[PDB]
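Have a look at the structure below, then the notes.
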Number of protein chains: 4
Amino acid sequence: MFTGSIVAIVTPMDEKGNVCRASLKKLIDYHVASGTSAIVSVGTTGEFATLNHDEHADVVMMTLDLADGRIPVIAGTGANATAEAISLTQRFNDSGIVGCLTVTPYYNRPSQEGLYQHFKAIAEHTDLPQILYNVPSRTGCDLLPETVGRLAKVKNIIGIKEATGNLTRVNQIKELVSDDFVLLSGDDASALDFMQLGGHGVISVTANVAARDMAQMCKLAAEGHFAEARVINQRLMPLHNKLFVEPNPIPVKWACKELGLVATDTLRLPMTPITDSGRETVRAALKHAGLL
Amino acid sequence: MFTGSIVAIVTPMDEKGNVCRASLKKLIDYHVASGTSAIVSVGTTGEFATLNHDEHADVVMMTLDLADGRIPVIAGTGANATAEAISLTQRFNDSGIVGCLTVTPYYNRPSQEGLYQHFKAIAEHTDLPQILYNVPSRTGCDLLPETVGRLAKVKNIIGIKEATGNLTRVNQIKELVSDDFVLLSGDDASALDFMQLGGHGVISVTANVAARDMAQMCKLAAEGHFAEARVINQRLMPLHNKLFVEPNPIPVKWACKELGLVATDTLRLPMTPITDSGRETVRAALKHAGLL
Amino acid sequence: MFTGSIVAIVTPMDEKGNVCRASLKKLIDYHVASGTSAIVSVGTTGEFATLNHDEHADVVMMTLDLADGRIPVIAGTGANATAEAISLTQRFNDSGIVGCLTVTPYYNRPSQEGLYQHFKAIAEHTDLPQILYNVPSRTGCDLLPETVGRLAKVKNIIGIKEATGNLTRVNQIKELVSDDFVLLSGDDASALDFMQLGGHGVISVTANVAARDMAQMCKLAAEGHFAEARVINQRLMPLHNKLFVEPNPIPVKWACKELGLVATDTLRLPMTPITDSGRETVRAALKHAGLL
Amino acid sequence: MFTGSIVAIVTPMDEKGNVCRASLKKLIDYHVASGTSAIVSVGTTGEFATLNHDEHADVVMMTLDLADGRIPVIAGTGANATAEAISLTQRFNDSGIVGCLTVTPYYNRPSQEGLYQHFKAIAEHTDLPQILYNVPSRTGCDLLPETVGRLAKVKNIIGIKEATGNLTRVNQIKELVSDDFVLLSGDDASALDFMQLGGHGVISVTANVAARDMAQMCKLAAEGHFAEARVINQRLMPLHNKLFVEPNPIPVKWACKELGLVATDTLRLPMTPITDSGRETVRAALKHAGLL
Ligand SMILES: [K+]
Ligand SMILES: [K+]
Ligand SMILES: [K+]
Ligand SMILES: [K+]
Ligand SMILES: [K+]
Ligand SMILES: [K+]
């Protein structure tokens with residue numbers, strides 16, 4: 001459901017830029033075989049910015065179909081207009097997804113009162129569980145712990161993906177919310193630290209290409225075996241870093257292609273193909289993790 | 001017209017959040033009478049974030065119809081997907097707009113090369129003049145002078161709205177582009193300084209309520225009369241700051257309502273109504289500028 | 001020695017700005033009675049910036065004398081010139097202090113190679129244990145984990161006071177150093193989190209006025225009792241924050257006076273007396289902690 | 001003289017780190033011949049951080065003796081303890097210096113009120129003109145325009161060396177001070193922009209090796225001939241940047257050695273010798289400026 005290693009899955013494309021079903025099926029089978037806890041479909045790593053809402057919905061529904069009940073699917077449903085976020089969420093009502101990952105409005109820089117009204121309105125128009133998502137480097141907006149506390153009082157707001165990389169947020173949030181509100185890292189390089197402080201898992205880029213290792217790390221964390229988890233983390237740290245050598249998901253798509261998990265590493269503009277220097281860097285990180 | 005005081009006009013709304021034609025007419029007449037150089041329709045201040053593409057186009061067309069040839073209109077046309085920006089651009093071909101204001105992709109944080117490809121593609125598919133728009137605090141990415149220099153070689157990329165507030169950008173860009181490339185400030189509080197360093201004008205929030213003083217300030221600046229311009233700037237500085245006391249365009253829409261230029265101060269979520277403390281701050285700034 | 005709750009003790013002054021022996025003795029007796037693990041004398045909170053090296057040495061020696069073997073004393077010995085740091089350290093050779101707290105050079109912004117040469121030269125001119133101290137908001141310099149690793153190879157460099165508040169540093173450093181290199185927080189508000197990640201204690205401002213609570217928190221942490229430690233932390237969090245409402249040690253000196261621990265709250269310029277608003281804020285925090 | 005191109009002169013050292021009188025003479029003659037306005041002796045670039053007060057005074061006196069009335073000398077006199085700044089100031093009373101350059105307290109992060117008291121006290125105890133010096137990247141504190149305005153009312157506080165590189169400060173300060181208060185840039189790369197906005201000159205690192213071009217650039221700027229000045233600035237921009245490729249004054253001392261102006265490029269720890277890559281970068285910048 002909402003703990004352990006959750007992959008922010010790539011939306012694999014053909015050379016034309018449209019979803020590649022055979023690739024998507026190969027990835028999903030991989031995540032089932034690897035012990036991934038859930039799949040986030042059409043999150044940031046899934047190129048939500050460059051799919052239209054129809055295309056987005058098609059990918060989510062295809063992912064659900066291919067998952068075939070073997071692995072839970074959380075849909076990306078964020079938007080920077082509240083009405084649009086409500087419309088997008090309503091597309092998934094009764095779909096089979098287990099909840100929604102909803103990013104703070106980007107670009108328009110709402111106030112904290114605005115963020116409260118936005119997420120409350122979205123939560124009120126669905127029965128689906130809502131995971132807030134804070135990623136200020138992308139959005140220009142920072143959903144602060146006090147406001148997460150206020151929102152956690154809404155019945156179906158049940159967790160947060162905290163992608164600041166600021167580990168002080170874990171216990172600031174935890175003290176204002178109930179014991180069952182889920183804290184998930186959105187920052188691979190700090191995620192083991194985030195779990196060590198009390199978080200419950202990660203929505204991960206790295207899990208796209210090191211799914212088994214990520215699942216093993218997160219299990220060890222949950223069991224309180226941090227030193228064993230950290231050995232895995234150290235083997236993965238160059239991926240955690242170098243999968244952002246160029247803008248995500250440029251590196252992870254390349255890595256997926258290199259590993260034979262997807263047919264092509266195509267992305268949509270303004271994301272551009274990986275540079276030669278980038279390929280060499282990512283290749284080295286994959287080798288360090290023992291994947292190549 | 002791409003120099004002088006250009007207003008980033010509000011999109012006035014009724015209580016339902018729908019565009020108020022009567023209020024828009026009043027603003028347009030105000031700008032014609034007050035000597036504003038041009039109107040930026042559905043820029044940031046015009047709530048491009050929360051209008052859909054149809055409503056956005058309607059507002060641009062309504063603005064053109066109401067302007068009736070008396071003042072030039074520039075349309076906001078940016079998007080974070082290069083295909084969507086191209087699509088939106090096509091809607092305005094032969095509309096009567098003089099140019100497009102096209103923001104760097106927000107949220108997805110493309111590389112410089114990605115920005116280059118993005119804007120180059122948009123420019124290729126129109127004959128309309130394009131004004132690049134850099135606002136890193138909103139978008140998460142920063143279109144750097146070197147890339148602006150590469151883009152300025154494209155025939156119909158004709159200027160930039162630089163909203164960093166980092167004044168060193170003026171001459172870094174100027175030295176890389178031709179003498180006819182327009183530099184426009186997107187930061188009211190530093191705009192006179194921007195013009196003093198070589199900028200050609202401003203795309204302004206303050207101009208929505210102080211159009212005549214903005215128009216004269218920019219003229220004096222273009223003539224080299226900076227001391228004279230600075231007297232006006234000092235009277236407007238509280239507005240340049242306090243129009244951002246809560247997220248733009250919340251304060252300026254309230255100010256327009258207080259002056260009687262628009263029927264209601266309604267905005268779309270996630271923007272919310274001005275706080276009482278914000279009304280007090282904004283009113284004080286209006287009085288400092290001599291407007292109430 | 002170098003774990004648990006270490007107080008960065010204030011240098012109490014008379015009204016003239018010189019050390020007050022009776023106050024210093026009262027504080028030291030308090031730390032012995034409270035279970036404080038060690039005292040840092042003439043660190044940042046002890047006003048190292050505004051004591052001359054003679055005055056500094058006198059305070060350290062007086063603190064040692066008053067401690068009377070009951071509680072270990074670590075001297076502040078940092079300087080931004082290597083020669084000066086060596087001279088200051090040599091004053092304490094054979095003094096009775098148990099080690100030195102040596103801040104990265106401030107103002108001059110050395111490179112990482114510079115930081116390496118600086119601390120290596122200092123370590124080579126003493127037999128005393130050296131605790132590095134990184135506080136970039138004050139110094140303009142950031143001693144990065146790689147360089148801490150390089151330095152940890154020097155026999156008598158035995159730990160670090162990490163005052164960035166960036167909790168990712170704990171495990172970055174730990175993986176590059178031996179199991180016996182000591183990690184101490186220099187940031188009260190994050191210090192329980194820092195210990196939860198693997199750190200060994202804190203050099204604390206808050207311990208000046210909540211010494212018993214800080215010692216109890218740190219003991220619980222070391223025992224792996226984080227939830228119990230966090231209850232104490234929550235009671236102390238307003239002090240952890242509000243003891244920096246005005247520049248440290250302005251608030252903590254006031255609080256020490258209010259509690260009857262020191263005779264006067266005098267400081268040296270450019271530190272100035274606490275403002276009325278500050279007194280009210282600090283008073284509230286003391287009340288929250290159950291100290292007043 | 002407190003306008004035009006003022007050099008923040010290196011303190012040339014022999015291999016032992018002691019001041020080289022022969023090298024200093026050569027530099028002083030160079031500045032007299034090249035039209036430099038004044039010499040700042042034992043500023044940041046002069047390694048004020050690593051000279052003791054006696055050595056600092058010796059260098060100022062030697063500079064005065066060598067200048068022999070041919071060029072005005074301003075002494076660096078700042079400290080982070082108000083008493084120490086006063087003490088140092090007294091050493092220079094009736095020395096022959098024309099003024100003092102006094103940096104905001106570093107490391108201890110005083111309040112604005114603390115800065116006000118600090119500088120007010122220093123000014124009270126001398127008849128020498130005082131130039132305030134703001135460099136937040138080094139000091140950890142930021143002397144804001146409002147406080148500069150309060151200090152400019154003190155009769156002998158006569159200007160400011162503003163080294164933020166934040167160009168909005170020019171007119172924020174100008175509007176709060178009298179027409180005769182001097183604004184000087186402390187950031188070579190933005191200094192021409194600073195002058196274009198109303199600044200009166202620069203306290204420069206670049207001037208150590210490009211004194212004549214700096215002197216002419218500043219004259220053209222003072223005359224309003226900004227286009228002409230900017231041609232010179234463009235030839236000097238690689239030096240303005242690459243003199244900071246490693247910590248200042250490491251690169252400029254190497255540059256002075258390469259040109260033959262000083263016998264050795266030796267500095268005091270924690271400054272270290274220039275890297276090979278830095279020598280290559282600096283040399284390239286020298287050639288761009290036409291100096292080798
Ligand atoms: K809930
Ligand atoms: K939108
Ligand atoms: K062009
Ligand atoms: K060691
Ligand atoms: K020093
Ligand atoms: K004055």
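Residues are referred to by chain and number: the chain letter is A, B, ... according to the order shown in the structure tokens, the number counts from 1 in that chain, and ligands are numbered separately from 1 in the order shown.
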Requested in this report: Check the DSSP output for the backbone and give back, as a ChimeraX atom specification, the residues of range 78-224 of chain C in helix (DSSP H, G or I).
Outcome: /C:82-92,112-124,136-139,145-151,169-174,188-196,206-208,211-223
Requested in this report: Please identify all polymer residues within 12 Å of residue 112 in chain B, counting only C-alpha atoms, omitting same-chain residues fewer than 6 positions from it, and present them as a VMD selection string.
Outcome: (chain A and resid 246 to 247 270 to 272) or (chain B and resid 104 to 105 118 to 119 141 to 151)
Report task. Write out as a PyMOL selection string each polymer residue (protein, DNA or RNA) that has an atom no more than 12 Å from ligand 5, with only C-alpha atoms and all ligand atoms counted. Result -> (chain C and resi 49+52-53+78-88+105-108) or (chain D and resi 44+47-56+78-80+84+106-107+268-270)
Query raised in the report: When you draw a straight line from CA of residue 126 in chain A to atom 1 (K, counted along the ligand's line) of ligand 2, how long is it in Å?
Result: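 The value is 19.9 Å.
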Query raised in the report: If we count only C-alpha atoms, what is near residue 61 in chain C at a cut-off of 10 Å, once residues fewer than 4 positions away on the same chain are taken out, given as a list in words?
Result: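 So, after excluding close chain neighbours, the residues are residues 41, 55, 56, 57, 65, 66, 67, 73, 75, 92, 95, 96 and 97 of chain C.
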Requested in this report: Could you list, as an NGL selection string, the residues of chain D having an atom within 10 Å of chain B when counting only C-alpha atoms?
Outcome: :D and (165-168 or 170-172 or 175 or 189-198 or 226 or 230-231 or 234)
Query - Contacts to ligand 3 at 8 Å cut-off (only C-alpha atoms and all ligand atoms) as a PyMOL selection string - result: chain B and resi 151-159+178+181
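Within range 81-257 of chain A, residues classed as strand (DSSP E or B) by DSSP on backbone coordinates are residues 99, 100, 101, 102, 103, 130, 131, 132, 133, 134, 157, 158, 159, 160, 161, 162, 182, 183, 184, 185, 201, 202, 203 and 204 of chain A.
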